[PDB]
């Protein structure tokens, strides 16, 4: 209930600004990574990490939250086969998210990939199918929107939330838990 909401939010940040990596090292070593990157140190240590910690505690993951400071950004990383599959399986069943999870995930995805000036309401991603899934959710919530190829340099698509529904958007999705 509370776990899955926080889960879908985190999944949003992950699919947005991180990822789920199954790596094969020399040899034959392996690792399973749950990753969120961000520039803001504060956002990652004060906001995201306590949420990942709760989820880790709640699923008995003996793994730790790593925070690696690279040149351009902070990488929050959990190295854990268990947490990995947890999100990956949730991702596999994304089309089945209930209302709480939908709002949670879109919130997460907006923080990552969204227009922060909020003068325009936009979401970027190369994954058209992902954006399409999000678009259908927004329609069932009374938030009109269109999708179209924004950046031909890189095949990045954009999801544009109609300014007509700005307030229904900002207070239903972004101003939640």
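Residue numbers count along the first chain shown, from 1.
67-75 or 82-90, whichever carries the higher mean Cα B-factor: Stretch with the higher mean C-alpha B-factor: 67-75.
Quick check on the record: does 106-114 or 58-66 carry the larger mean Cα temperature factor? Between 106-114 and 58-66, it is 58-66 that shows the higher mean C-alpha B-factor.
Chain third (lowest, middle, highest) by recorded CA B-factor, residue given as residue 158: For residue 158, the deposited C-alpha B-factor lands in the lowest third.
Sorting by Cα B-factor within the chain, modelled residues only, which third would residue 140 end up in: lowest, middle or highest? Highest third, going by the recorded CA B-factors of the chain.
Determine, from the deposited record, the chain-internal third of the Cα B-factor for residue 47: lowest, middle or highest. It falls in the middle third of the chain.
Would you please rank residue 37 by its C-alpha temperature factor against the other modelled residues of its chain and give the third it falls in: lowest, middle or highest? Its C-alpha B-factor belongs to the middle third of this chain's values.
Cα B factor band for residue 167 (lowest, middle or highest third within the chain): It belongs to the highest third of the chain when residues are ordered by C-alpha B-factor.
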